[PDB]
Structures are given as C-alpha cells and as structure tokens.
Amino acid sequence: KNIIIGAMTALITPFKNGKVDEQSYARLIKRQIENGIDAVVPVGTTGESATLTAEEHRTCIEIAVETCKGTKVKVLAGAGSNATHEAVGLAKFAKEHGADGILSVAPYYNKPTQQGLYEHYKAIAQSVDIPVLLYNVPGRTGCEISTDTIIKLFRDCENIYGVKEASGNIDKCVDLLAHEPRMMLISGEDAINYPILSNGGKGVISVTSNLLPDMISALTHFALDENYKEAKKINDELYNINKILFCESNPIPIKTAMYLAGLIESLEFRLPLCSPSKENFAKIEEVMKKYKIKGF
C-alpha cells in the first residue's frame, strides 16, 4: 500500500479582505516545509473548508502542490464531503492536480449508516489511484466510522490505507491496530499525539504544528524512531498550548495564535467563525509565551 505518514500540518487558510491570501498561504507552507514537516493538508477542518468556495478549495490545493515541488513533502488534500458525489469529484480533482493523497472526513450532519459509510468511501477510493486516509471526528460529524467498517475499507479497497482519528478514544486506537496492524493510524488530536504514536500510530495531522512545526515534527520523528522518551518529553511540554488551541472551536484559537505571532497579517475568519472572546484571546497570548515560535 502506498501511504502518506509522518508529521503533517492541517493548514490554516489566511484571509485578506474576505479573500484567500494566496501569497501568505504559500509562505506558511514553506515555513512548514523548512521546519521538518512531512506532509501538508490543505483545506481541511483547520483550513475552514466549509466556508471556502469550490474554486478557492481547488486553488489552495494547487498552491500546496506547487509549493512542495522539489521537496519530499507530500500534499494530503482535504477532499471530504457529506455528499458522496461531491467527495468523489473532490478526490478526482486532487488526483488530477498533483496531490499525493486525499484526506476524506466522515460525512457530517446527515448521519450515514455503517453500510452507507462503506459505500461512500468505496466510491471515493475507486475514483482515484492515490492513497486515501479516512478521517473520523464524531464530535463534529455526528457519526462514527466503526473499527469494523474502517478495517473492511482498508482490506477491501486498495487505496484506503488508514484513518485520522480525532475521537479521544485510545481504546479504539488499540482496537484498530490490534486487529489490523497494517493500517496507518494518524493522530488528529494534538494533546494525545504521543500516546497514539507510542501504540503504533505512524503520524499526526496537527493543528499545533501550524504554530510550532519544528516541535510537532520533532515529536513525531522521535516516536517513529522509537525514541519514546524524547517524543513524550515534547508531548508533555506542548500540552498547555495543545489544550489552549481548543479553548474555542478550532481553528479560532490557532488563527488567533498565528496572528499574535505575526505569521498572518489579520485575524480574519469567515462566518459563522469569528474572533474568540477577549478573555480567550488573552489566555492564548499568555500560553504562547512559554514556547519558542519559529518565524519565516
């Protein structure tokens, strides 16, 4: 199985007067590349996929692809949808425009069954010839892709090689790798990056890496090298920032942090997302002071 593993960053999408700041986007990706990241995930949840247009979604995948040219860094394009026909079209674009693989979030809102989830992902996997990573985040979607369903998709579909789990369920992470140790389990929750990696997980899709790419990449590579003592040391140091980056719904805190660090020019979201409370803004600023934030 072709895989995409290692330290990965769920890229924020910087806005400038209600438009994608395409130049800042490429600059932010180069900063990720130059700080040891193994792959970038354009237009995921952290990238405000929901409020980007179809064309903007496609533009950011192209910017990510162009910027990682000449490096080893892969582009795991965000291509999920709660409509299978739409998710299939997004997978096909990502394949045809140079993405190395796709991240495909479990359908949100319409609550498909396990059978429907199976057919949803089978259709996506059959549409392309590049790796496909499932993404389970029941707190956001309202559904869950069961261990059995994930394992069936991994065994039945060539392209499906693992899952990004954001479910606060280390039991499930044992369950998955105990019954299908060949799959690539990817942490989708920064605070528990090390426990997932120490159980045989092979990478992270990180929010924190947007702000501290060197530390997340170092954490991941230590674990992948079975230096669990050094990996845990960074996970412990990062807990305070890992937690505060979710004091409000992601990506509200991480964008606040990127703005406070001078890495984006404006603290701009698209509704229904918004600036955090003044109190949480202040709390984010204070936590940041304990970490060394790389510039450009």
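Residues carry their position along the shown sequence, with the first being 1.
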{"query": "Mean temperature factor over C-alpha atoms, higher-scoring stretch between 168-176 and 96-104", "finding": "96-104"}
{"query": "Selected stretch [higher average CA B-factor]: 105-113 or 153-161", "finding": "153-161"}
{"query": "CA B-factor ranking of residue 3, expressed as a third of its chain", "finding": "highest"}
{"query": "Residue 26 - Cα temperature factor, lowest/middle/highest third of chain", "finding": "highest"}
{"query": "Lowest, middle or highest third - CA B-factor, residue 214", "finding": "middle"}
{"query": "Third of the chain's Cα B-factor distribution that residue 248 belongs to, per the entry", "finding": "lowest"}
{"query": "Residue 120 - which third its CA temperature factor falls in, relative to the rest of the chain", "finding": "lowest"}
